[PDB]
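Visitor: I have a structure here, written as structure tokens, and I will follow up with some questions on it.
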2 protein chains.
Amino acid sequence: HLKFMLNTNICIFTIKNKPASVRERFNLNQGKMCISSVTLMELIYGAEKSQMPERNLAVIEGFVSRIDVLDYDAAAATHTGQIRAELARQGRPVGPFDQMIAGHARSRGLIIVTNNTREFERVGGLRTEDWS
Amino acid sequence: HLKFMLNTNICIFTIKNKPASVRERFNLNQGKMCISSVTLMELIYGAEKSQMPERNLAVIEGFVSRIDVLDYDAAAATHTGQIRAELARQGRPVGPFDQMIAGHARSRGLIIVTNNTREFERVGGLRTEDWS
């Protein structure tokens, strides 16, 4: 059963083993984690813009194979639109991909594991954890 | 068979009947059009931030019922990440949601329908049409 949606920075922390606590908690929870395809997009971008696209792509693919990738669907989109409207009324800036990922997790009742929790606590009805 | 992925502005032009030519070309192509769930997100945002959320939401739901909403999946994400790396190297910017729909359309072999092209004309291998 899926319990966590990992943000991009948490994925990178796991991959770099820094902070090590993140990777250790990732390993603890193998089988219960997913990422949004929005996060997959960010990871692919980091690899393809790097000096070693093929190598870094392989790193991402190996990481991703240990988790599920969830399609950003109509429900995800609908929550996201609602959240953006709510954040705007509140005067609370969240980055555009972060907003999508928040909507995606909320639409699935998942905990967002991210390290910029102050910015995600600005979203209503969302549970977050920092494993770092 | 799906042939077109519509951008947000084209959806709005259709709903508002302005320009009326856009709505007419839309009706013409019913059964052949879709939007990315990324575009659905923007439309829901548009409604929930308005002064009449429930009314505008139903307007969007009614519009959306006549087309397909495609989930932003791994393939869409992958094309998006690549396009961003490519556009970055060319050092010419596209908005974050625009990049996603461009990636989504490319992953599906769809024509992206828009009102002010040029911004999508720089994505390699992407076909565009202007219905304005």
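Every read-out reported here was derived from the displayed coordinates using simple, explicitly stated rules and does not represent laboratory data. Cβ sites come from the backbone with ideal geometry, for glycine too, and all protein chains shown count toward neighbours.
Visitor: Which ones in the stretch A:1-31 are closer than 17 Å to A:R127 by Cβ and in a helix (DSSP H, G or I)?
Guide: A:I10, A:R25, listed by residue number.
Visitor: Condition first: without any contact (Cβ under 8 Å) to a residue 12 or more places away in the chain and within 28 Å of B:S65 (Cα to Cα). Can you find one or more residues in the stretch A:48-63 that meet it? Even if it seems obvious, please write down each step before you answer.
Guide: Of the residues in the stretch A:48-63, the ones without any contact (Cβ under 8 Å) to a residue 12 or more places away in the chain are A:48-56, A:58, A:61-62.
Filter again for within 28 Å of B:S65 (Cα to Cα), leaving none.
No, because not a single residue in the stretch A:48-63 is without any contact (Cβ under 8 Å) to a residue 12 or more places away in the chain and within 28 Å of B:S65 (Cα to Cα).
Visitor: Do you know which of the residues in the stretch A:20-44 that are out of contact with any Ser or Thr (no Cβ under 6 Å at 6 or more places or on another chain) and buried (at least 24 other Cβ atoms within 10 Å of the Cβ) is farthest from B:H79 (Cα to Cα)?
Guide: So, considering only residues that are out of contact with any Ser or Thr (no Cβ under 6 Å at 6 or more places or on another chain) and buried (at least 24 other Cβ atoms within 10 Å of the Cβ), the one farthest from B:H79 (Cα to Cα) is A:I35.
Visitor: Out of the residues in the stretch A:82-99 that are under 19 Å from A:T39 (Cβ atoms) and not aromatic (F, W, Y), which is farthest from the other protein chains (Cβ to nearest Cβ)?
Guide: First, pick out the residues of the stretch A:82-99 that are under 19 Å from A:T39 (Cβ atoms): A:83-84, A:94-99.
Filter once more, so that each one left must be not aromatic (F, W, Y): A:83-84, A:94-96, A:98-99.
On the way: A:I83: 9, A:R84: 5, A:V94: 12, A:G95: 8, A:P96: 4, A:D98: 11, A:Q99: 9 Å.
Out of the qualifying residues, it is A:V94.
Visitor: Write out, first by first residue and then by second, each pair whose Cβ atoms fall under 6 Å of each other, whose residues are 6+ apart or on separate chains, and whose first residue, in the stretch A:104-122, is more than 18 Å from A:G31 (Cβ to Cβ) while the second is in a loop (DSSP other than H, G, I, E, B) and of a type in the set (D, E, K, R).
Guide: Note: pairs meeting the criteria are A:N115/A:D130; A:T117/A:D130; A:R122/A:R92.
Visitor: Tell me, which residue of the stretch B:54-81 that is within 8 Å of chain A (Cβ to nearest Cβ) and outside any loop (DSSP other than H, G, I, E, B) is farthest from A:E61 (Cα to Cα)? Steps first, please.
Guide: Here is the first cut: in the stretch B:54-81, the residues within 8 Å of chain A (Cβ to nearest Cβ) are B:69, B:71-74, B:76-78, B:80-81.
So of that shortlist, the ones also outside any loop (DSSP other than H, G, I, E, B) come out as B:69, B:72, B:74, B:76-78, B:80-81.
Numbers: B:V69: 27, B:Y72: 18, B:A74: 12, B:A76: 16, B:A77: 13, B:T78: 11, B:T80: 16, B:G81: 14 Å.
Per the criteria, the residue is B:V69.
Visitor: Restricting to the stretch A:88-102, name every residue that is under 20 Å from A:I44 (Cβ atoms) and crowded, with 20+ Cβ neighbours inside 10 Å.
Guide: Listed by number, the residues that qualify are A:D98, A:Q99, A:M100, A:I101.
Visitor: Identify the residue in the stretch A:82-103 that is among the aliphatic types (A, V, I, L, M) and touching a residue at least 24 places away in the same chain (Cβ under 8 Å) and, among all such residues, is farthest from B:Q51 (Cα to Cα). Break it down stepwise before answering.
Guide: We begin by selecting, within the stretch A:82-103, every residue among the aliphatic types (A, V, I, L, M); these are A:83, A:85, A:87-88, A:94, A:100-102.
Then keep just the ones that are touching a residue at least 24 places away in the same chain (Cβ under 8 Å); that gives A:83, A:87, A:94, A:100-102.
On the way: A:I83: 16, A:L87: 15, A:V94: 22, A:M100: 23, A:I101: 26, A:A102: 24 Å.
The residue in question is A:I101.
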